[PDB]
2 protein chains.
Amino acid sequence: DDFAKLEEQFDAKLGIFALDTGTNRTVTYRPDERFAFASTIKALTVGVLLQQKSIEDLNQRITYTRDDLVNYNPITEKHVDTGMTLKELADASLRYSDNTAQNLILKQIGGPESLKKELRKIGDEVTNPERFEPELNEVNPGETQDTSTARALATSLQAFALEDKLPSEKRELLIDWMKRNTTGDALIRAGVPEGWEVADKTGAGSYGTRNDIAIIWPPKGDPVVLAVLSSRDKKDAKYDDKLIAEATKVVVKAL
Amino acid sequence: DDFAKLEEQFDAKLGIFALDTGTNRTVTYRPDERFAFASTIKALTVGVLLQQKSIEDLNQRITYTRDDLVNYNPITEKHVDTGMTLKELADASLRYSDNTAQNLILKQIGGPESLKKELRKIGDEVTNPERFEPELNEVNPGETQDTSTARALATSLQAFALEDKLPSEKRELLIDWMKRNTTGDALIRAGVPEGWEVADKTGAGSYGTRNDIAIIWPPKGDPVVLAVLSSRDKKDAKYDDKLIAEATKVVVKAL
Ligand SMILES: NC(CC(=O)O)(CC(=O)O)C(=O)O
Ligand SMILES: NC(CC(=O)O)(CC(=O)O)C(=O)O
């Protein structure tokens, strides 16, 4: 099949799960193999934040200094003294793959163990968060620390975005933030036909991991949730986004 | 494999889909082949009913005559001279597979063709109501009148019992009626381990059709959605409920 080809063509390993929520038509390809989830754990993080705070609640004055920053801070670097509220960090984590927002947010929710135990509670026995950013990308092959599967990660995304795990308000926020991500214009979004709406969170990590997790709406129907993950066998290996775009089109077509 | 062994052991074609609504792990087998659906449609019919009617609405007295009665009305034949409320006809419909009850309910929602359109609305592009009881069961092979599939019956059952297509009080009510069905102790019920709660809705048509659809809940863990359909090649063929129960055993093990 066309997924096996793309893996040869790109010298890379792919993981796919998509679900037509309106038909329970699926599309699977290594759906339970582990990949370092990378920055995609960011959506699920905000997933549990929103689960602990009303829309009203998410305006908390939260502060941080120069030292709290880490290795890539496109938004948090503008607002040292300024300070940013949960909303705006959730915006930054989600819209710009801000490493520091993720970290500061993660403290709010009580560290990677809590995240884990919360992920345990909704029904994800797979996603294994252990560390903050950037270290969390430090994943060697066969380790489970900070990995999940395509299945696990769509399902967690679905539960937050589209199930009863979140009230209307809080959920339209997630969808929104994600609908307007800046980072995935060459991932999932480049693989769906002109003018279907897309909410996505992307990731990159060592061993050439490039990941995208999305809900995507046609013009007519129920949304497809989907994770597309990939990796390579060289630690310092580089990724091709066009791996994901392509994968997605094979997903769309199949559905 | 496992399912095809059953198919040859019992000399019947099998239609199985199942979704672990916590993991999206699935069991499928001919999940998109079409079967005459028989009384299984009864649960979707009450799903639709509950979409349109309030609870107090369910107190209305429907009267009927010995003429309004068909060829298997185990409760409705006993109340011709006093009528029954809609609540009482739902019950009788669901728990005893009461045909007249279906025919009067089917009639309260706009007849087969309004039953199609509501099922199109939720996203069931497969299920195809056309007739009332008992003529709906008169389906020859090739025919798509009065057929649906495992993926579609199951998805549809899910929509009503679990999703957002009804409010929670109405879920609970559909679920309760379905938890107390009298007619399937020997099928899905008979194929799951002790302490697994089942709400299910059997059926049987010609060509030896024997179906069962259910939400089934383990002691701890998320609900599992479950259609098991079956048919055979000869038209006057008897069914065996051992087929549907042994097949469920395969689902529970696989799952
Ligand atoms: N921000 C990145 C990945 C990440 O930092 O998790 C850019 C990259 O590192 O290639 C993205 O495109 O999501
Ligand atoms: N209503 C039936 C089958 C049907 O008409 O769909 C009666 C029977 O078992 O013969 C049922 O009880 O499931």
# chains A, B, ... in the order shown; residues from 1 in each chain; ligands from 1

call {"tool": "interface_residues", "arguments": {"of": "chain B", "to": "chain A", "cutoff": "9 Å", "atoms": "only C-alpha atoms", "output": "ChimeraX atom specification"}}
result
/B:19,22-25,122-125,151-152,155-156,163-164,221-222

call {"tool": "write_last_selection", "arguments": {"atoms": "C-alpha atoms", "output": "JSON list (two decimals), in the first residue's frame"}}
result
[["chain", "number", "residue", "atom", "x", "y", "z"],
["B", 19, "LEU", "CA", -15.66, 0.00, 19.19],
["B", 22, "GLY", "CA", -12.11, 4.51, 25.39],
["B", 23, "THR", "CA", -9.33, 3.32, 23.09],
["B", 24, "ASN", "CA", -10.85, 3.29, 19.58],
["B", 25, "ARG", "CA", -9.44, -0.18, 19.27],
["B", 122, "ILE", "CA", -27.15, 12.23, 12.59],
["B", 123, "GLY", "CA", -24.89, 10.76, 9.95],
["B", 124, "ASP", "CA", -26.24, 7.33, 9.10],
["B", 125, "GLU", "CA", -25.93, 7.20, 5.36],
["B", 151, "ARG", "CA", -20.74, -0.28, 11.35],
["B", 152, "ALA", "CA", -23.86, 1.73, 10.77],
["B", 155, "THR", "CA", -22.68, 3.86, 15.16],
["B", 156, "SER", "CA", -26.28, 4.86, 15.18],
["B", 163, "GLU", "CA", -23.32, 10.75, 22.15],
["B", 164, "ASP", "CA", -24.98, 14.21, 22.03],
["B", 221, "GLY", "CA", -13.60, 0.86, 31.85],
["B", 222, "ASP", "CA", -15.32, 2.63, 29.01]]

call {"tool": "closest_atom_pairs", "arguments": {"of": "chain A", "to": "ligand 1", "cutoff": "10 Å", "atoms": "only C-alpha atoms and all ligand atoms", "output": "JSON lines"}}
result
{"residue": "A:37", "atom": "CA", "partner": "ligand 1", "partner_atom_place_in_ligand_line": "6 (O)", "distance": 9.2}
{"residue": "A:38", "atom": "CA", "partner": "ligand 1", "partner_atom_place_in_ligand_line": "6 (O)", "distance": 5.8}
{"residue": "A:39", "atom": "CA", "partner": "ligand 1", "partner_atom_place_in_ligand_line": "6 (O)", "distance": 4.4}
{"residue": "A:40", "atom": "CA", "partner": "ligand 1", "partner_atom_place_in_ligand_line": "6 (O)", "distance": 7.4}
{"residue": "A:41", "atom": "CA", "partner": "ligand 1", "partner_atom_place_in_ligand_line": "6 (O)", "distance": 9.6}
{"residue": "A:42", "atom": "CA", "partner": "ligand 1", "partner_atom_place_in_ligand_line": "6 (O)", "distance": 9.3}
{"residue": "A:71", "atom": "CA", "partner": "ligand 1", "partner_atom_place_in_ligand_line": "5 (O)", "distance": 9.4}
{"residue": "A:72", "atom": "CA", "partner": "ligand 1", "partner_atom_place_in_ligand_line": "5 (O)", "distance": 7.8}
{"residue": "A:74", "atom": "CA", "partner": "ligand 1", "partner_atom_place_in_ligand_line": "1 (N)", "distance": 10.0}
{"residue": "A:94", "atom": "CA", "partner": "ligand 1", "partner_atom_place_in_ligand_line": "13 (O)", "distance": 9.8}
{"residue": "A:95", "atom": "CA", "partner": "ligand 1", "partner_atom_place_in_ligand_line": "13 (O)", "distance": 9.6}
{"residue": "A:96", "atom": "CA", "partner": "ligand 1", "partner_atom_place_in_ligand_line": "1 (N)", "distance": 7.0}
{"residue": "A:97", "atom": "CA", "partner": "ligand 1", "partner_atom_place_in_ligand_line": "1 (N)", "distance": 5.1}
{"residue": "A:98", "atom": "CA", "partner": "ligand 1", "partner_atom_place_in_ligand_line": "1 (N)", "distance": 7.6}
{"residue": "A:99", "atom": "CA", "partner": "ligand 1", "partner_atom_place_in_ligand_line": "5 (O)", "distance": 7.5}
{"residue": "A:133", "atom": "CA", "partner": "ligand 1", "partner_atom_place_in_ligand_line": "6 (O)", "distance": 9.2}
{"residue": "A:134", "atom": "CA", "partner": "ligand 1", "partner_atom_place_in_ligand_line": "5 (O)", "distance": 8.3}
{"residue": "A:137", "atom": "CA", "partner": "ligand 1", "partner_atom_place_in_ligand_line": "6 (O)", "distance": 8.2}
{"residue": "A:181", "atom": "CA", "partner": "ligand 1", "partner_atom_place_in_ligand_line": "13 (O)", "distance": 9.6}
{"residue": "A:182", "atom": "CA", "partner": "ligand 1", "partner_atom_place_in_ligand_line": "12 (O)", "distance": 8.7}
{"residue": "A:183", "atom": "CA", "partner": "ligand 1", "partner_atom_place_in_ligand_line": "12 (O)", "distance": 5.0}
{"residue": "A:184", "atom": "CA", "partner": "ligand 1", "partner_atom_place_in_ligand_line": "12 (O)", "distance": 6.3}
{"residue": "A:185", "atom": "CA", "partner": "ligand 1", "partner_atom_place_in_ligand_line": "12 (O)", "distance": 9.0}
{"residue": "A:186", "atom": "CA", "partner": "ligand 1", "partner_atom_place_in_ligand_line": "12 (O)", "distance": 9.0}
{"residue": "A:187", "atom": "CA", "partner": "ligand 1", "partner_atom_place_in_ligand_line": "12 (O)", "distance": 8.8}
{"residue": "A:201", "atom": "CA", "partner": "ligand 1", "partner_atom_place_in_ligand_line": "13 (O)", "distance": 7.3}
{"residue": "A:202", "atom": "CA", "partner": "ligand 1", "partner_atom_place_in_ligand_line": "13 (O)", "distance": 4.5}
{"residue": "A:203", "atom": "CA", "partner": "ligand 1", "partner_atom_place_in_ligand_line": "6 (O)", "distance": 3.9}
{"residue": "A:204", "atom": "CA", "partner": "ligand 1", "partner_atom_place_in_ligand_line": "3 (C)", "distance": 3.9}
{"residue": "A:205", "atom": "CA", "partner": "ligand 1", "partner_atom_place_in_ligand_line": "6 (O)", "distance": 6.3}
{"residue": "A:206", "atom": "CA", "partner": "ligand 1", "partner_atom_place_in_ligand_line": "9 (O)", "distance": 9.4}
{"residue": "A:208", "atom": "CA", "partner": "ligand 1", "partner_atom_place_in_ligand_line": "10 (O)", "distance": 9.2}
{"residue": "A:209", "atom": "CA", "partner": "ligand 1", "partner_atom_place_in_ligand_line": "10 (O)", "distance": 9.0}
{"residue": "A:210", "atom": "CA", "partner": "ligand 1", "partner_atom_place_in_ligand_line": "3 (C)", "distance": 7.3}
{"residue": "A:211", "atom": "CA", "partner": "ligand 1", "partner_atom_place_in_ligand_line": "13 (O)", "distance": 7.8}
{"residue": "A:212", "atom": "CA", "partner": "ligand 1", "partner_atom_place_in_ligand_line": "13 (O)", "distance": 8.2}
{"residue": "A:238", "atom": "CA", "partner": "ligand 1", "partner_atom_place_in_ligand_line": "10 (O)", "distance": 8.9}
{"residue": "A:239", "atom": "CA", "partner": "ligand 1", "partner_atom_place_in_ligand_line": "10 (O)", "distance": 8.0}
{"residue": "A:240", "atom": "CA", "partner": "ligand 1", "partner_atom_place_in_ligand_line": "10 (O)", "distance": 9.6}
{"residue": "A:241", "atom": "CA", "partner": "ligand 1", "partner_atom_place_in_ligand_line": "12 (O)", "distance": 8.7}

call {"tool": "residues_around", "arguments": {"residues": "residue A:195", "least_positions_apart": "5", "cutoff": "12 Å", "atoms": "only C-alpha atoms", "output": "ChimeraX atom specification"}}
result
/A:189-190,216-220

call {"tool": "closest_residue", "arguments": {"among": "A:179, A:253, A:165, A:131", "to": "residue A:103", "atoms": "only C-alpha atoms"}}
result
A:131

call {"tool": "residues_around", "arguments": {"residues": "stretch 170-177 of chain A", "least_positions_apart": "5", "cutoff": "8 Å", "atoms": "only C-alpha atoms", "output": "PyMOL selection string"}}
result
chain A and resi 43+46-47+50+54-55+91+94-95+160-162+199

call {"tool": "closest_residue", "arguments": {"among": "B:191, B:167, B:83, B:15", "to": "residue B:249", "atoms": "only C-alpha atoms"}}
result
B:191

call {"tool": "atom_distance", "arguments": {"atom1": "atom CA of residue A:247", "atom2": "atom CA of residue A:5"}}
result
10.4 Å

call {"tool": "select_by_dssp", "arguments": {"residues": "stretch 6-112 of chain A", "states": "alpha helix (DSSP H)", "output": "JSON, numbers by chain"}}
result
{"A": [6, 7, 8, 9, 10, 41, 42, 43, 44, 45, 46, 47, 48, 49, 86, 87, 88, 89, 90, 91, 92, 93, 94, 95, 96, 99, 100, 101, 102, 103, 104, 105, 106, 107, 108, 109, 112]}

call {"tool": "atom_distance", "arguments": {"atom1": "atom CA of residue A:4", "atom2": "atom CA of residue B:251"}}
result
28.4 Å

call {"tool": "residues_around", "arguments": {"residues": "residue A:188", "least_positions_apart": "6", "cutoff": "7 Å", "atoms": "only C-alpha atoms", "output": "JSON, numbers by chain"}}
result
{"A": [212, 244, 245, 248]}

call {"tool": "write_last_selection", "arguments": {"atoms": "C-alpha atoms", "output": "CSV table (one decimal), in the first residue's frame"}}
result
chain,number,residue,atom,x,y,z
A,212,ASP,CA,0.9,16.2,13.5
A,244,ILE,CA,3.0,14.1,6.6
A,245,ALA,CA,1.1,16.1,3.9
A,248,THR,CA,-2.8,12.8,5.1

call {"tool": "atom_distance", "arguments": {"atom1": "atom CA of residue B:16", "atom2": "atom CA of residue B:35"}}
result
11.0 Å

call {"tool": "residues_around", "arguments": {"residues": "residue B:62", "least_positions_apart": "6", "cutoff": "8 Å", "atoms": "only C-alpha atoms", "output": "list in words"}}
result
residues 83, 84, 85 and 86 of chain B

call {"tool": "select_by_dssp", "arguments": {"residues": "stretch 35-158 of chain A", "states": "strand (DSSP E or B)", "output": "VMD selection string"}}
result
chain A and resid 35 to 36 147 to 148
